[PDB]
There are 2 protein chains.
Amino acid sequence: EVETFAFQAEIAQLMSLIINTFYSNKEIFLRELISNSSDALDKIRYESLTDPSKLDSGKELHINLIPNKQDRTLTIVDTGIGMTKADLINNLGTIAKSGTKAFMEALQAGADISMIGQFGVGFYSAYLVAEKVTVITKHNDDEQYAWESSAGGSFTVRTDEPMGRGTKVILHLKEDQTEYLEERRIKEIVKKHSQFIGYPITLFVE
Amino acid sequence: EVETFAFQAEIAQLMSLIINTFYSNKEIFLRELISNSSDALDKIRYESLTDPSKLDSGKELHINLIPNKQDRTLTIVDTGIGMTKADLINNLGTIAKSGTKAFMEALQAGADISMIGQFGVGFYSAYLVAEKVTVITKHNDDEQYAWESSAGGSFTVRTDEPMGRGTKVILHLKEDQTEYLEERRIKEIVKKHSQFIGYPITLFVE
Ligand SMILES: Cc1nc(N)nc2c1/C(=N/O)C[C@@H](c1ccc(F)cc1-c1cccnc1)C2
Ligand SMILES: Cc1nc(N)nc2c1/C(=N/O)C[C@@H](c1ccc(F)cc1-c1cccnc1)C2
């Protein structure tokens, strides 16, 4: 069974802004998802210091970058905290509502799309380069879920191969955005923007 | 009763680095503590979406900046998550160990003290401007604690006036660092470095 949800209207407006505004510096999408990955890894690490059994779902704390020219996907994998169904359906949308409002105001006031992360809604920069985003996620208290959206105001969730714990963000790239499947291009961006992440980052080859 | 603890040796080395290195751009200390404050506020906000009774200790989510020329202190107050005794004594030191190691390597490799926050140990930039730091903190599962250090390799904790929930970082400033008690100076730094924090920041007057 696949369940369909409407984004909060502010988030839909944000996604449309990201998709429709002329903004050539699209490469910052990768910095934002890696930083989301690091934050999630920080969280599970901290929680494990009081409840060590929280690492029973996997001890390695890392980030994989996986390009696939056949599928036209760039996948960012982490072994971080993951997201619950409540995260996916209620909680993250509640928080993204205010971040979106603050980012929107900042943009009218002369801020720049690259500053999206300062407002805690940098996941949505995924839509700079991707026509569809698929998110596979597994949290300790919960099942593995598959979340998906091509924007248009809605997303789907189904129970989801098994990943132990963590998040996989699958970017189905736009046809004119395939430079992001290229090794020297990804390497360049990681070096420029993600040089000091405190977890190992592996760029897979094809 | 006052309990005395030794810092992990890496953290002591970090504090000494911050205190001893010639580095004129000391104003970044304020950006780091405000950002710590925002992160703590983000955390209690998120936790409240699944357990609303976590806001029984205070609903307001804000940051106060309080200068006092008589005491020679700058105090940064938040109503964020607070810290437990385990945080103060075991947990934060365990995490700061790796951040310190990574920051140290980065500095040898040509990084700059201002980048301290990318390594998750930006609290310690407090020692750029302060001879002593006192931290009053209250977390929901725990008592109110007073943490204190003038560096030198040790810190104290005692049970601590009652603050409901949150953290107060009290900077006892160095004699040559009193510009940070001045209104137009603090305003300047907040504008330059903290312009987009998603919680209200009130600069108290004297
Ligand atoms: C746990 C986690 N891991 C990774 N890699 N990325 C994110 C998380 C999250 N944990 O709460 C939040 C998630 C997020 C942040 C801000 C935001 F505005 C949206 C999301 C998000 C992402 C996917 C599906 N639905 C919402 C971004
Ligand atoms: C909850 C909280 N609030 C505020 N304002 N600041 C901090 C927190 C924290 N929550 O875990 C961690 C704290 C911190 C981070 C990194 C770090 F390396 C040290 C500390 C810290 C601070 C005071 C006493 N002992 C340790 C910085």
Side-chain angles (χ1 to χ4, degrees), chain A residues 1-8 11 15 32-64 66 73 75-99 120-124 126 130 132-151 154-172 199, chain B residues 39-40 42-55 81 84 91 95 139-141:
Chain A
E1 181 211 65
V2 191
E3 291 182 292
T4 305
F5 306 87
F7 287 114
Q8 245 96 21
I11 304 174
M15 297 171 76
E32 303 302 323
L33 303 166
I34 291 173
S35 158
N36 291 352
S37 279
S38 189
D39 285 352
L41 283 156
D42 285 350
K43 285 173 208 186
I44 182 77
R45 181 179 65 189
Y46 171 80
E47 285 193 10
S48 77
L49 294 168
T50 53
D51 187 357
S53 65
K54 274 169 176 191
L55 292 190
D56 289 353
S57 46
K59 305 207 172 233
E60 251 220 65
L61 298 175
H62 63 250
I63 289 153
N64 299 329
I66 316 185
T73 57
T75 307
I76 297 94
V77 196
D78 61 78
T79 49
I81 191 93
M83 292 171 276
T84 62
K85 214 186 181 205
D87 279 339
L88 292 172
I89 291 166
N90 294 313
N91 297 343
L92 305 167
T94 292
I95 306 160
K97 231 180 150 283
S98 5
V121 292
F123 166 81
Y124 291 106
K132 178 162 81 180
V133 182
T134 308
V135 173
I136 317 298
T137 196
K138 177 69 181 63
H139 191 285
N140 285 332
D141 64 61
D142 222 328
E143 285 169 42
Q144 190 161 311
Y145 292 104
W147 176 103
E148 197 163 65
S149 186
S150 309
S154 66
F155 64 95
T156 60
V157 177
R158 57 189 174 73
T159 65
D160 191 28
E161 200 205 22
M163 68 189 299
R165 181 202 63 251
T167 303
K168 200 143 84 186
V169 174
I170 306 168
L171 307 172
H172 300 93
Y199 294 100
Chain B
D39 285 352
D42 285 350
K43 285 173 208 186
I44 182 77
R45 181 179 65 189
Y46 171 80
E47 285 193 10
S48 77
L49 294 168
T50 53
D51 187 357
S53 65
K54 274 169 176 191
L55 292 190
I81 191 93
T84 62
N91 297 343
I95 306 160
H139 191 285
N140 285 332
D141 64 61

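By convention in this document, chain letters (A, B, ...) are assigned in the order of the sequence lines, proteins followed by strands, and residues within each chain are numbered from 1. Side-chain atoms are counted along with the backbone in the values below, which use heavy atoms only and exclude waters and symmetry mates.
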Novice: Got a donor-acceptor contact below 3.5 angstrom from the A:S57 side chain to the A:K54 backbone?
Specialist: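 Side chain of A:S57 to backbone of A:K54, a donor-acceptor pair under 3.5 Å: yes, one is there.
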Novice: Taking C-beta and beyond as the side chain, do A:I89 and A:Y145 meet within less than 4.5 Å on heavy atoms?
Specialist: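 When only atoms from C-beta onward are counted, A:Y145 and A:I89 do not touch, as no gap falls below 4.5 Å.
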Novice: Below 30° counts as parallel, above 60° as perpendicular, anything between as tilted: where do the rings of A:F7 and A:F155 land?
Specialist: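 Ring orientation of A:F7 relative to A:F155: tilted.
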Novice: Answer yes when A:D160 and A:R158 have at least one side-chain N-carboxylate O distance shorter than 4.0 Å, and no when they do not.
Specialist: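 A:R158 and A:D160: salt-bridged.
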Novice: Among residues two or more places apart or on two chains, list those pairs meeting salt bridge (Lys or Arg N to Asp or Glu O under 4.0 Å) that have a residue in residues 162-172 of chain A.
Specialist: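 As it turns out, there is no salt bridge (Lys or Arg N to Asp or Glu O under 4.0 Å) pair with a partner in residues 162-172 of chain A once direct neighbours are skipped.
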Novice: Do the side chains of A:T134 and A:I136 get nearer than 4.5 Å, heavy atoms only?
Specialist: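 In contact.
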Novice: Is a donor from one side chain sitting under 3.5 angstrom from an acceptor on the other, for A:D78 and A:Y199?
Specialist: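 No.
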Novice: Using modelled atom types and a 3.5 Å cut-off, is there a donor and acceptor pairing between side-chain atoms of A:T79 and backbone atoms of A:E60?
Specialist: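 Pair found, side chain donor or acceptor close to backbone of A:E60.
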Novice: Do A:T50 and B:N91 have side chains that approach each other closer than 4.5 Å (heavy atoms only, starting at C-beta)?
Specialist: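 Sidechains of B:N91 and A:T50: in contact.
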Novice: Under 3.5 Å, side chain of B:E47 to main-chain N/O of B:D42, donor-acceptor pair present?
Specialist: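 Answer holds: no.
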Novice: May I ask you to decide if A:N90's main-chain N or O and A:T94's side chain share a donor-acceptor pair within less than 3.5 Å?
Specialist: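 Indeed, once roles are kept as given, a pair shorter than 3.5 Å links the two residues.
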Novice: Let me know which of A:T84, A:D87, A:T137 forms a side-chain contact (heavy atoms from CB on, under 4.5 Å) with A:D142.
Specialist: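 Going through the options one by one, the only one that passes is A:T84.
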Novice: Do you know which two heavy atoms are closest between A:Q144 and A:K138, and how far apart they sit?
Specialist: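 Between these two residues, the closest heavy atoms are N-CD, 3.5 Å.
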Novice: Check whether any side-chain heavy atom of A:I170 sits under 4.5 Å from a side-chain heavy atom of A:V135, and report yes or no.
Specialist: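 No, side chains not in contact.
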Novice: Taking A:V77's backbone N and O only, do any of them form a donor-acceptor pair with A:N64's side chain (distance below 3.5 Å, no angle check)?
Specialist: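 No; zero donor-acceptor contacts below 3.5 Å.
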Novice: Does any part of the side chain of A:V133, heavy atoms only, come nearer than 4.5 Å to the side chain of A:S149, both counted from C-beta?
Specialist: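 Side-chain contact under 4.5 Å: no.
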